[PDB]
Amino acid sequence: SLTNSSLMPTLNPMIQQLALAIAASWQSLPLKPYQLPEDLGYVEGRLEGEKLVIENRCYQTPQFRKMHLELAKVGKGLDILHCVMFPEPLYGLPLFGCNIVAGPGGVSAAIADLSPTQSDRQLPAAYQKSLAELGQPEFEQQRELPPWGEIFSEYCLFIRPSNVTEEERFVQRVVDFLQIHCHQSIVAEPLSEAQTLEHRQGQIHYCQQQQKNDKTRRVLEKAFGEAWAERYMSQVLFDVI
Ligand SMILES: C=CC1=C(C)/C(=C/c2[nH]c(Cc3[nH]c(/C=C4\NC(=O)C(C)=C4C=C)c(C)c3CCC(=O)O)c(CCC(=O)O)c2C)NC1=O
Ligand code: NA
């Protein structure tokens with residue numbers, strides 16, 4: 001639960017709403033804690049510039065090997081939400097991820113996806129069908145994915161929200177993605193060893209590509225330095241199984 005968070009009250013309102021929605025989706029699942037390296041939960045650091053504060057919450061279920069919700073703030077202005085649900089490869093589910101970045105003048109980036117793990121880069125058919133039924137969402141300011149973003153599905157949303165209506169529409173789309181994903185997790189069957197290996201590789205590739213994101217790395221380096229940032233990206237955020 002988030003009522004004991006020290007960062008929550010100080011974060012951009014869209015981030016607060018989305019954090020609450022993710023927590024509500026997870027709250028009644030068969031959750032167990034997942035221990036991050038060094039049992040990390042709150043961390044703060046500074047070098048010569050602004051302080052970075054991070055709060056981490058992490059869990060697992062039989063179908064999701066690691067469910068990570070991270071809230072962060074740089075200085076007074078830069079607010080971040082990071083969330084990934086890493087699937088257990090045995091069940092073949094896609095990777096849910098989202099990131100919101102906001103400053104004093106509003107949300108600059110809102111990204112969410114259900115990303116594929118199959119070698120053909122397609123989502124399972126049940127997901128394709130359910131996602132197609134939601135309809136194409138209308139947003140005024142779409143952003144093009146960076147080159148390492150070939151890991152994202154055709155349903156990936158990457159926008160700068162233009163107004164509160166778009167903020168709310170984006171949050172609702174993430175809730176819809178999570179409703180689909182949690183339902184599919186109930187009906188998922190354990191796969192063969194060969195198919196498990198295929199899904200494992202797709203997850204490894206997703207993690208290696210996400211480690212190429214210099215926008216994350218520079219924020220971490222400015223507060224903690226190069227070696228800490230590399231450890232954090234490779235062992236805490238995007239760990240290879
Ligand atoms: C400590 C955690 C953390 C930090 C410091 C972070 C920083 C961060 N991530 C992004 C962009 C940012 N983030 C993502 C996407 C993601 N990033 C993810 O971690 C996940 C799970 C996704 C997608 C599901 C993209 C694709 C981009 C745009 C990169 C670019 O423009 O080069 C920016 C630039 C925002 C803008 O251009 O408006 C910043 C400062 N993101 C974080 O999550
Ligand atoms: Na506009």
Side-chain angles (χ1 to χ4, degrees), residues 1-5 7-8 11 15-43 54-72 80-100 110-117 123-124 127 130-131 151-153 155-157 171 173-188 190-191 196 199-200 202-211 213 216 232-241:
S1 176
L2 291 165
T3 61
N4 294 47
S5 168
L7 281 180
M8 269 286 285
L11 295 173
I15 288 174
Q16 301 181 321
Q17 287 292 337
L18 188 63
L20 272 199
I22 291 164
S25 84
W26 292 358
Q27 174 248 352
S28 292
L29 295 181
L31 296 174
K32 295 282 180 54
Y34 181 99
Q35 260 193 218
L36 290 167
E38 301 184 349
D39 212 6
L40 190 66
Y42 183 90
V43 61
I54 302 172
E55 287 178 9
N56 291 299
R57 290 166 174 82
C58 204
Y59 309 95
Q60 57 182 308
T61 75
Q63 294 75 29
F64 303 115
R65 88 167 172 96
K66 175 179 170 176
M67 303 155 64
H68 190 204
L69 176 61
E70 175 167 284
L71 302 171
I80 301 159
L81 178 149
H82 165 98
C83 179
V84 181
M85 300 166 72
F86 295 93
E88 189 67 39
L90 180 68
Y91 294 97
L93 302 169
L95 279 136
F96 171 78
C98 66
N99 185 202
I100 319 294
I111 310 100
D113 195 33
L114 288 161
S115 308
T117 52
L123 291 176
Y127 281 85
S130 293
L131 289 168
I151 60 174
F152 297 118
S153 88
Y155 309 95
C156 182
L157 289 169
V171 172
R173 183 55 161 245
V174 177
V175 169
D176 298 336
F177 285 180
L178 285 171
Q179 286 185 0
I180 290 166
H181 197 43
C182 287
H183 179 78
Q184 294 299 317
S185 81
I186 292 168
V187 298
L191 301 180
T196 299
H199 290 282
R200 185 181 310 127
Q203 179 169 165
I204 288 167
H205 183 70
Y206 177 97
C207 286
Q208 290 175 339
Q209 294 298 103
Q210 291 266 14
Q211 290 174 30
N213 181 350
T216 294
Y232 200 80
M233 287 183 80
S234 66
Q235 294 185 21
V236 180
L237 295 179
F238 301 107
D239 57 310
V240 165
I241 54 176

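Along the sequence shown, residues are numbered consecutively beginning with 1. When reading the values below, keep in mind they use all heavy atoms of this one structure, side chains included, and skip hydrogens, waters and symmetry mates.
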For the residue pair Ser115 and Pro94, what are the closest heavy atoms and their distance? O-CB, 3.2 Å

Any side-chain heavy-atom pair of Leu93 and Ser185 under 4.5 Å: yes

State the CG-CG distance between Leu131 and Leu114, to the nearest 0.5 angstrom. 6.0 Å

Would you mind reporting whether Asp239 and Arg65 have side-chain heavy atoms less than 4.5 Å apart? yes

What's the spacing between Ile241 CD1 and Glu88 CD if we round to 0.5 Å? 7.0 Å

All heavy atoms of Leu31 vs all of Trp26, minimum pair found to be CD1-O, 3.4 Å

Under the side chain to side chain contact (heavy atoms under 4.5 Å, CB included) rule, what do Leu178 and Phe96 come out as? Steps first, then yes or no, please. CA-CA 8 Å; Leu178 285 171; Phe96 171 78; 4.1 Å; yes

All heavy atoms of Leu71 vs all of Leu7, minimum pair found to be O-CD1, 3.6 Å

Could you tell me whether the side chain of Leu2 reaches within less than 4.5 Å of the side chain of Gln16, counting heavy atoms only? no

Side chains of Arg200 and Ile204 in contact at under 4.5 Å (non-hydrogen atoms): yes

Verify the neighbour count for atom CD of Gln210: are there more than 12 heavy atoms of other residues, nucleotides or ligands below 6.0 Å? yes

Once side-chain contact (heavy atoms from CB on, under 4.5 Å) is applied, do any residues pair with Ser234, and if so which ones, sequence neighbours excluded? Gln211, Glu230

Atom OG of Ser153 and atom CZ of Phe177: how far apart are they, to the nearest 0.5 Å? 6.5 Å

Minimum side-chain heavy-atom gap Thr3-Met8 below 4.5 Å: no

Closest non-hydrogen contact found for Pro89 with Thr196 is CB-O, 3.7 Å

How about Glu70 and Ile54: do any of their side-chain heavy atoms sit closer than 4.5 Å? yes

Could you state the interatomic distance from CG (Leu123) to CD (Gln184), rounded to the nearest 0.5 Å? 11.0 Å

So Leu81 and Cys98, side chain to side chain contact (heavy atoms under 4.5 Å, CB included) or not? Walk me through it. CA-CA 8 Å; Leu81 178 149; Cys98 66; 3.9 Å; yes

Please verify the inter-ring angle class for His181 with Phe64; under 30° counts as parallel, over 60° as perpendicular, anything in between as tilted. tilted

Could you give the distance from CG (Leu40) to CG (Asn56), rounded to the nearest 0.5 Å? 5.0 Å

Side chain to side chain contact (heavy atoms under 4.5 Å, CB included) between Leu29 and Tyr59, worked out: CA-CA 10 Å; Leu29 295 181; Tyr59 309 95; over 6 Å; no

On a heavy-atom basis, the closest approach of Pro62 and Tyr91 is O-CE1, 3.4 Å

Rounded to the nearest 0.5 angstrom, the CD-SG distance for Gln63 and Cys182 is 10.0 Å

I'd like to check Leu95 versus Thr117 (side-chain heavy atoms, cut-off strictly below 4.5 Å). Are they in contact? yes

Do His183 and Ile180 have side chains that get closer than 4.5 Å, going by heavy atoms? no

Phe238/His82 aromatic ring centres below 6.0 Å: yes

Can you name the closest pair of heavy atoms from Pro116 and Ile151 and give their distance? CD-O, 3.6 Å

Checking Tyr34 against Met67 for the side chain to side chain contact (heavy atoms under 4.5 Å, CB included) test, could you report, in this order, the C-alpha distance in whole Å, the side-chain angles of both residues, the deciding distance, and whether it holds? CA-CA 8 Å; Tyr34 181 99; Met67 303 155 64; over 6 Å; no

Any donor and acceptor pair, going by atom type alone, linking the side chain of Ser25 with main-chain N or O of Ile22 inside 3.5 Å? yes

What residues form a side-chain hydrogen bond (donor to acceptor under 3.5 Å, both in side chains) with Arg57, not counting sequence neighbours? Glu55

